[PDB]
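A short worksheet on the structure shown next.
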Amino acid sequence: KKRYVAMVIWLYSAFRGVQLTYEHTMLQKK
Numbered sequence: 002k003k004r005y006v007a008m009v010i011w012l013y014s015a016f017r018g019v020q021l022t023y024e025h026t027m028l029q030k031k
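Residues in the sequence shown are numbered from 2 upward in steps of one, following the working numbering.
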């Protein structure tokens, strides 16, 4: 298991599934 990565993974997996993926239409495929 990770610690420094498993603790920040939230931010590393939030700016992607809530920005470029949040759109789900425009930013989705672009």
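Each residue gets a CB set at the ideal place from its N, CA and C atoms; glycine is no exception.
(Q) What would DSSP say about residue 1, mapped onto helix, strand or coil? (A) Because the chain spans 2 through 31 in this model, residue 1 falls outside it and cannot be assessed.
Q.
Using 7 Å as the threshold, is the C-beta distance between residue 21 and residue 12 below it?
A. no
Q: For the alpha helix (DSSP H) containing residue 27, list its first residue and its last residue.
A: 27-30
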